[PDB]
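S.K.:
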Ligand SMILES: [Zn+2]
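Numbering (the entry's author numbering), first residue to last: 1 to 46.
#1: Based on the DSSP output, what are the partners of residue 13 in its beta bridges?
#2: With DSSP run on the structure shown, which of helix, strand or coil describes residue 35?
#3: Starting from the C-beta of residue 21, find all residues in its chain whose C-beta is less than 8 Å away, skip the five residues before and the five after it, and write them out in chain order.
#4: For residue 36 and residue 28, I'd like the C-alpha separation in whole angstroms.
#5: Under the assumption that residue 46 contacts residue 32 (Cβ atoms under 8 Å), give the Cβ distance between them as a whole number of angstroms.
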């Protein structure tokens with residue numbers, strides 16, 4: 001019974017969709033638009 005949630009990445013927001021990098025999260029969101037496709041009724045936010 002011990003918590004083992006380690007987090008190792010980068011100080012910069014990385015797109016889990018492709019693996020890009022964006023200093024400002026705001027930018028990432030704008031880029032994510034390129035991934036938007038598998039949605040017809042916007043089930044989840046993003
Ligand atoms: Zn991406």
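Cβ atoms here follow ideal geometry from the backbone N, Cα and C, with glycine treated the same way.
M.R.: Looking at the atomic coordinates:
#1: 22
#2: coil
#3: 10, 12, 13, 14 and 15
#4: 13 Å
#5: 7 Å
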